[PDB]
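For reference, the structure is listed below as structure tokens.
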4 protein chains.
Amino acid sequence: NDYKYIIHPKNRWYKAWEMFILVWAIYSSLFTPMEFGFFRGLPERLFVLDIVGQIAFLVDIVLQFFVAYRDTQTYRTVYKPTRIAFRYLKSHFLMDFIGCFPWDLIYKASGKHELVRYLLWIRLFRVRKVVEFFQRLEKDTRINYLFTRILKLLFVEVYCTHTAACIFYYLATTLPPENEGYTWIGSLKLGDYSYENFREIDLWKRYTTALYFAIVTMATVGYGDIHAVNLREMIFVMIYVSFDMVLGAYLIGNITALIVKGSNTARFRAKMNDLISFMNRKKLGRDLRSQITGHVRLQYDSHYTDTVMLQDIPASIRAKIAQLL
Amino acid sequence: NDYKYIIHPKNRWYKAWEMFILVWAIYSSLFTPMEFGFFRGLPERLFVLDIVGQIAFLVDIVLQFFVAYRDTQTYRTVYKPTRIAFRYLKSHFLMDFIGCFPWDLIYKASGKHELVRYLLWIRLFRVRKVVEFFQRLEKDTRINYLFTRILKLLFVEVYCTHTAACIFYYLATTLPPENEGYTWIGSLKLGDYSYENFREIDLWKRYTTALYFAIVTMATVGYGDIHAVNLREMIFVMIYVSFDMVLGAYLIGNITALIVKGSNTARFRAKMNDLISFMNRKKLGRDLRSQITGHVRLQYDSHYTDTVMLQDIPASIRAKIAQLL
Amino acid sequence: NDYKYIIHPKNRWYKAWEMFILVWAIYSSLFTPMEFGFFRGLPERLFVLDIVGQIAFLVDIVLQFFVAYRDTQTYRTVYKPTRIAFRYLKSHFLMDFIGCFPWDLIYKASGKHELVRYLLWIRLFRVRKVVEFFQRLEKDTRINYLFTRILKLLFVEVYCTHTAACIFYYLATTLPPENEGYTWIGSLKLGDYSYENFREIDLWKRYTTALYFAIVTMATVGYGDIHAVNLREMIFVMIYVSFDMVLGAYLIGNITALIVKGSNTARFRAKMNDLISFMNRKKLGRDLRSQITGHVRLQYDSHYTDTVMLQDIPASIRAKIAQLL
Amino acid sequence: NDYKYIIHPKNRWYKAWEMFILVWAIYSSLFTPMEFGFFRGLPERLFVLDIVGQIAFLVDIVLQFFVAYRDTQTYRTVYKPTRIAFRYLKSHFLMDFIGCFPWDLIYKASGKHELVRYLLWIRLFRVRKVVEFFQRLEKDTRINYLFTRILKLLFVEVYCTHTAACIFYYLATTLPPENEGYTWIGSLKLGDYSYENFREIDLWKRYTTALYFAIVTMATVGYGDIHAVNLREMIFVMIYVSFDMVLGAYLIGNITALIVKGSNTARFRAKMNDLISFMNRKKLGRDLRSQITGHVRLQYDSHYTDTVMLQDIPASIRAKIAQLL
Ligand SMILES: [K+]
Ligand SMILES: [K+]
Ligand SMILES: [K+]
Ligand SMILES: [K+]
């Protein structure tokens, strides 16, 4: 607590930086698969756009040597640079530094070898920012929990869908441009339009045609106007739909598990059903029918605070409600 | 209270009008996407229908200024007729007033501008009166609290495919009639029948083809004889099936939460399942291997009568059954 | 009772009759859509089969004034041959009586009017037997409940898509043979085999093609080799893929609800693994660990057999339990 | 005890053997449908592989007479090697010895009789070792037994589609090679590769094509470039997707119960959501929220998982903890 070259992690200049690299760790998570797939090296008018975005991430390298890490079991904020600067190199230092090398200038420098461009798939470790942003959005008791817990599983299931549409076009560009009729896009004809010589089509027609055959597959609709033709594309859509089957079952299971043990206000309307169904099975004279649901509304609005709340309560809370009521 | 200018909210001469406005709001929210998508301005018939579809809502928009409101906080009836007109002008006035302007004559008497027809979507706020019909049916006690959340959810799921079937046809008409072979309907050939010059086919063939696509996409069957061809129909199908993927898991999540607290055909087969871990684990007489299982057949729906709901609730009903026997 | 002109409801020679018309109730409710759709009047080789099948449902309509029942109030046997004839004649008499008429040649001996062959669709009220067989099986503890709850929903779901496969070919026979190219089967070509002049095709090829369509629609696969061509087949599959969309979300719901309320072994696994979960946060003794997991290895069965059903055993039944123990 | 012949069942040299035939019970389970579907007798290259794979199961069938079994009602490890003759010959002996003969050599030199090769399916009883591997992984308390039924039901859901992928190719070869255009592969054309004369394509192209069909059917995607054309392939696809529907519902039903049974951050929001409902009715201090919500992690798992899991435990460890303090 006596260092002062140390930011404790709720500053109004650090919370306004932590959300500044979340519109870069979203952009560099989306531009990275369609930088790998749709471009064999970036064009020259993106030279200014790709040198930034990596210039705002090595600012983040030096700036996380100075933030106060709150420990797990110690439950106190640690303030010494010796204790944060070693957990940084232990946990996340290679992930965020080897991705900050310019891999578009290296690829054009090395005689255009193809395998050096696979070292920009390590920029997909910047999805940590978005999943952490969704992670302490569950720990915010203001927003509907069923709204956020399904937005985390609808960020993942569409980001994986976006990535397995750039890989699916990359597997079409790996064949030469004379075995071009033996691929999923070079043999495509939609309406009165033919996708011949698909390296010259506009980027967004190629990207939309690729993403349509990942969202139609992800939703398990599968029209079959676009389908796999090669053998590597068959293997890729075997790997993809097998993982997407589990990813889709772990959304029904994640919605059901929040509806089943859902709102107790729905359970009150549920638990008056058997009351009415046994007062009206063997008919009782119509006397209390509204006063009972009013009294049980006032009861179950206080039944959780009758016994159930205050076995877990600490001292110096309940006496206030006890004196005020 | 001391007012005469207002109407009691449980009048059976007012709730015989809320059923009339219900079957007007059901009609003019199904026809409204059919007026948007399938017509560029209504024909010379359906004009008197277009004006009597709105002078049935003008009567309701002048009637709700004189209805009694039950307060949200104090749970009291608010009779005085300026705390309701201040309330009605704030919550529902301007999306119900601008849905009663004649947006077909305003379109045709303005030089036929296309963008003024997009104000025909504010008439889709009249599904308020259909979704509240399902909300005051849940708070009914006569039928299930969740079956009116299954018949409600199947209304919402099917209504969004009637709307998507009209937007999907509308996107085919935004292309010029000479480039019709690059659409989903202009390049269609189902059987020996070619769907060319598709603005001169009968209206019901066009609507049935579009609804056939939207419904076999909603159920995620997706045969593929009708698919997206443009880059705008690709984007629309990509938007639609993602929202449909979340709307189709909510149905399953509600049906599970209905079933998990059902009847004794799944509880009794846990009761005798736990009995047979004492009635067959510790060996028991075959004479008594009929007696208690016949008894636990005889208690549920007859002698059980949900005893805890007559245990925790006070004993005026017990005084009534003391008067019984 | 002193009547003796009534068969008792439980019997040796009567329960071997109800599982003899149970074979005729799974025959004559599976041959009935195949006789409506694929035939227009049975041929002469199938004459004696449609006569002997309807007299077995005629010696059974007279064998219901000779049987007792169990009313839900007295819950005893009600031997009186005039009470039963005013309950049988109310509920099950018309639907069980006019389905025994010889509808095959009543069609043939009335000038072959097609609308009189729609009155053999009420021979599908014979599936009362095949559903009371499955709702009798669920009150039987010889077999597990997870097998007789997912097979009642696999009888229903396969039977409805057997019916929707004969209706789907019937809608192709309602066009003339000069417009057979505008149907789903006359405009079919699977491989190098073309289904031209489909009335002159062997019955089982037509039935297998139609049922293969309806089964790959039921599972929501939907290949698209067989699709709806007309405007009346689109309407049928629009009804059908939206009915079985709820019928197949009701099956997932049952399989889920019969898993989340697991047996004793599942709760045993759960509570012992969450017992060992908090063990290695303190890391106590090794023989202590094994000894207390032995304590809760024998503290699952008789400890939680005993405490559960002692909440409900009636009087004079616990007494000989305590006497034997 | 006195017997020195037999292996003690928790040997260290019998846990490097049952993990040695678990890659021969995965090899001989994946290769046997590929030996049955894709060949007519093995080539003379693949000879010593078959012989080694069969001899390292003979060496196991004479090694399980030499072992003791844990009793399940007496719970003693039975060392007596005269009752190991029993519990093996009314157990897996004939389905370890009949499926151990050289069934390719019997087929190749007896006359090329096709029905002899159907006895290779006895070798699919060696999946019992792989399914008993997971059933010995359920009992490991150091891993969640609900996330050992998500890969157990995913091996089952992907082994049954590797097998179906070979039966689907086998039904294409039961037709003569001149009537190959009436198959699913002899009438296939993908891009510009016509799959004609399909017995001379190399093995991995045929296997990748058949597994591609079976896996996009298993996920219920179903593009429809590869569909059934025959009547045998139609009946097989009908049988396969009906099993697959129940298995896919069973996967969701098993995933759901994993999420319903507790989640700690979700349980923090299972309590905070109703705790604030009381607080906005009986309005406490707005500056007392920090006192309330801070202790909903302070005694979660520091008093919730500690003593509430311990009221079924004696205080012999509580004395150790109290002297620890
Ligand atoms: K499909
Ligand atoms: K398809
Ligand atoms: K599907
Ligand atoms: K599908």
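Chain C residue numbers are taken from Swiss-Prot; in order, the displayed residues are 52-376.
Method reported for this entry: electron microscopy, 3.1 Å.
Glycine is treated like the rest: Cβ placed from N, Cα and C.
Features of the protein shown, as given by Swiss-Prot:
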TRANSMEM  C:70-90  transmembrane segment
TOPO_DOM  C:91-97  topological domain 'Extracellular'
TRANSMEM  C:98-118  transmembrane segment
TOPO_DOM  C:119-141  topological domain 'Cytoplasmic'
TRANSMEM  C:142-162  transmembrane segment
TOPO_DOM  C:163-168  topological domain 'Extracellular'
TRANSMEM  C:169-189  transmembrane segment
TOPO_DOM  C:190-203  topological domain 'Cytoplasmic'
TRANSMEM  C:204-224  transmembrane segment
TOPO_DOM  C:225-259  topological domain 'Extracellular'
INTRAMEM  C:260-279  intramembrane segment
TOPO_DOM  C:280-285  topological domain 'Extracellular'
TRANSMEM  C:286-306  transmembrane segment
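Helix, strand and coil content of the topological domain 'Cytoplasmic' (C:119-141), in residues and according to DSSP, is 3 helix, 2 strand, 18 coil. Broken down by DSSP into helix, strand and coil, the topological domain 'Extracellular' (C:163-168) contains 4 helix, 0 strand, 2 coil.
Within the chain carrying the topological domain 'Extracellular' (C:225-259), a Cβ under 8 angstroms from the stretch's Cβ atoms is held by residues 85, 89, 216-217, 219, 276-281, 283-284, all 6 or more beyond its ends. As a summary of secondary structure, the topological domain 'Extracellular' (C:225-259) carries 15 helix, 4 strand, 16 coil according to DSSP. Sequence-distant contacts of the topological domain 'Extracellular' (C:91-97), counting only residues of its own chain at least 6 positions beyond either end whose CB sits under 8 Å from a CB of the stretch, comprise 155-156, 158-159, 163, 165, 168, 224.
DSSP places the residues of the topological domain 'Cytoplasmic' (C:190-203) in helix, strand and coil in these numbers: 1 helix, 0 strand, 13 coil. Sequence-distant neighbours of the topological domain 'Cytoplasmic' (C:190-203) (same chain, 6+ residues past either end, Cβ-Cβ under 8 Å): 182, 302, 305-306, 309.
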